[PDB]
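Coming up are structure 1 and structure 2: the same protein chain in two forms, each one given alone as structure tokens.
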Structure 1
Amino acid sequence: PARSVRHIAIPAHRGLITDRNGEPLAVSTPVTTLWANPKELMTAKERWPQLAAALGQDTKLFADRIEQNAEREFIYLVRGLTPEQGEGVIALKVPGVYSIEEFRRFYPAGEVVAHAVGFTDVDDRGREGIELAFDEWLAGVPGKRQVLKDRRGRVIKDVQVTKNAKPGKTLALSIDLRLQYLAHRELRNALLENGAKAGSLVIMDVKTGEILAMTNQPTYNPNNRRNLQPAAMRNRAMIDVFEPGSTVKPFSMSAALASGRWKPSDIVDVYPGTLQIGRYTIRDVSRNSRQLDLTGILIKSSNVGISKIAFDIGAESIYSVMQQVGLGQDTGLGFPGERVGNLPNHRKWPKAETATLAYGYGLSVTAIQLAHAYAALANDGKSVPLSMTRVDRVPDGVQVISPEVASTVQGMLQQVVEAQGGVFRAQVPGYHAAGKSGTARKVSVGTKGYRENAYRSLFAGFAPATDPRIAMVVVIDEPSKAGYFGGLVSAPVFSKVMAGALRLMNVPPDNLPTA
């Protein structure tokens, strides 16, 4: 054809992502992509070697590429150069060489918030994290332009633009970059000090359902598009499931207190520190107890104690609490590839499965689910929907644990942290803090039993105890030093991060004299 009217795409500006206070976290940056029409290049061959050198290409390999693409009318030279580098090639004035203005993401906080903010692909589309989850909101709509193409791929004139490029929309996350940096720094330090393989830390606002911080190790710099390490790009807090172990005992206890059959001052006989159930043996770490009260069962973390309570009240009541607080349940966050985990269910619960459920084996949850469950407990038993975006109007929560039961369990968890023989490393000077340690043996990758030397160290809690504001989970995978108990490995991280986060949020210190 002598003339040919066709259409080309004009890239649109991707929406700005900020933290909850407007600090930029993902910013669309103008880049210059160079393309060429090989047929037009065929008329200026003496210019090719200088063009090749400017592109850092070998002269022969470049010439070979153009010659073998002589039939085509569109060939990429280089994508995503800075407009500074792009003009240096444009300045050669080579016939048939053209530029289009595209966009590439810059991430000002880099590795500090990489998992939460996420990453974009070669075409500026979200492929991880918020970038992926809110891709429709962020992407906008590209422009569509008219053209006039010949048999040589030549363009004549303009006088067009049928469709204008629509920019994407701004998005403010629930994340507070101040708390995010604190959490990042403390988790990294903990990983290194313990020679651990991986870790996750989530901070949630118990009143609004907002995720205030979400950090994992290992992490990566999303501005380095060359490294491409899949393991480091995993948002473990949302995609890696684990047995939460003794961190679910406060939920078993909630079921016990709701049953009508148990009060905190009631007693369980846990002597001699083991309990046989068919071919399975329930075992406590500390085996020098006889009568323990319900608070003591949580302080000492007696598997025997919680198991006997579970046999009394029935597994159904415990399953119900865990399901209602969201363990093994869809979070509704809508991140593709987010893992839901699994909460086992039965019509007739056998005794072994009843016991293991009560102390957190045989179910799999994510760190986000665990933090959300603790948020409901801290928020006087009311569960506010999870959000990764800033919440200005809070949706109504669902009452999942009665307020009196939740309050009672809160006081028990304060004792876990403060009482003699408790998790003293979770204490937060100036405040009352509450929570529960866990230590879980990892199930072998093959068939293959439980891995003898591989543990996960957990601490989950909230503060300030007298008026809860923040819930936090710290999960550290395979610590390598002498300590591996959650109370040794994860509790000090909870303490350090809570100390900073409460003060960054201007929460009044509550360890005061009696009124």
Structure 2
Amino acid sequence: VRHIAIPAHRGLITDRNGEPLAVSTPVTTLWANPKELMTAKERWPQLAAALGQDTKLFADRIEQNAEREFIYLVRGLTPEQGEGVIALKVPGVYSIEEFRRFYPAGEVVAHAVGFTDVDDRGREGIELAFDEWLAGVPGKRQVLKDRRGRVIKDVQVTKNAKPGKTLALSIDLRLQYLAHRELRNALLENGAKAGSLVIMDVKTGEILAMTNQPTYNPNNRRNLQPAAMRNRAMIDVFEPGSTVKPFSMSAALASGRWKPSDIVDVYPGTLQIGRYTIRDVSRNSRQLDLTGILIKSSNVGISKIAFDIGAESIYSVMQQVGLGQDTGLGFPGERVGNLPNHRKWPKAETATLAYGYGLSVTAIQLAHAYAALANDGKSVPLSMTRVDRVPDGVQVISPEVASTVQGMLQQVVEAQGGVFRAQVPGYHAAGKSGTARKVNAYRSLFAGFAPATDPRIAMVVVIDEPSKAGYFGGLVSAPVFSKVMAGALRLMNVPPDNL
């Protein structure tokens, strides 16, 4: 008499609308008692054939395990294939009924959902993070064996298996599909190495979509590079560059010393700070109002504002909206990044902070920060699960500064010489481009939200090493935001505010 495991049914993972993302399917494991097999050698070759094993390698194996009462023959056949080889009636060949994950959306949601191992344990993504909730508790059954390992009776069930619990993700499979296709299309269109796209509900903290390129089929994980398994939206850190300028502007408008119509002189489009040189791409400007600084992405303009208000006020807004701060999702391998702090801020670091140099963030943090700005300065906690009861937000930017900065980002998108590729047919949209030279090689960024009049959705597009002549965020990333924001607002029945 021994006690042996009854595997629990692993909980269904669904999208927010109940569409299956991870399903436990019944499969059959074959095992053999070698001590029984050793009395039916004439049966081995037929049994070897049936397992697609070679006659002599199979016989070498049984011989080598002749002292044992258990070995695995094969794991995870269908119930039909399993029943096919049990029907050969080979002494000492036995059937365990098991569960195996199937992922109906495959590579589309692989980074978020993750996978289980052959033992049905969660090892990546949601499968790992919610493993206790999904696995349930195994059962035990009492099994009498004769003295040479022959299973005879099933004496009783000692303890019943408790099933796993259903888990509904925040992901909307319809937005996930749209996000997946358009990031793939832009990646191919730009000969890009990698990229990420994140969509947030600005009101609920919910991640409606999270896709990366490259991806992999979790149903077929054989001969698979690590690179394609990385959930880059959460585990990759990058410099966000000029996409942080709206947080600098937030500190400027909250200081009491700046309003949108104020002028900064950026001539000649450079500014020497000790040994270091601050440089604009476009160097044909003198006076720029604060909206112009964002439209022309003048590093010199935001630097002079940063000198006047102090890095401390800028650091604080960036810390508050979650840049380089723990998200608290508890997701495997999640990076925090780095928001550098100083006891006393020097000049050079005051400027670089203000335009997103020497800062490290995730696509998720950047999306969360834009979510807070869109939701009138209120940060709602992030969830990867369906939110039925929305937790209270924290007011991180005053509602009036948030509303002024939204208006300015609406201008970045809609005004003359603005980022017109980010415009969303039938809607007012708002956002900020960025371009990071990595240490030539570029990262193209667009972060924004829509509709501008009552924000619903925040979105970040990161394309890593576009290899065509176009590398600027406004060229590469902005058109992706456009197509994916259009489809997302329509799938979510958001009334057009620009008709």
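Here the rigid core means the biggest group of C-alpha atoms that line up within 1.5 Å when the two forms are laid on top of each other. Reference numbering: structure 1, starting with residue 1.
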Original post:
Considering only 291, 286, 227, 420, which residue exhibits a C-alpha shift of no less than 2 Å between structure 1 and structure 2, with the rigid core used for superposition?
Top reply: 227
**OP:** Verify the C-alpha shift of residue 93 between structure 1 and structure 2: is it 2 Å or more after superposing the core?
**Re:** no
**OP:** Examine residue 263 after superposing the rigid core and state whether its CA is displaced by 2 Å or more between structure 1 and structure 2.
**Re:** no
Subject >> Core-aligned C-alpha movement of residue 150 between structure 1 and structure 2, 2 Å or more >> reply: yes
Original post:
Core overlaid, residue 159 C-alpha shift between structure 1 and structure 2, how many Å?
Top reply: 2.4
**OP:** Check the Cα of residue 337 between structure 1 and structure 2 on a core superposition and give its shift in Å.
**Re:** 1.0
**OP:** Align on the rigid core first, then pass along the CA displacement of residue 29 between structure 1 and structure 2 in angstrom.
**Re:** 0.6
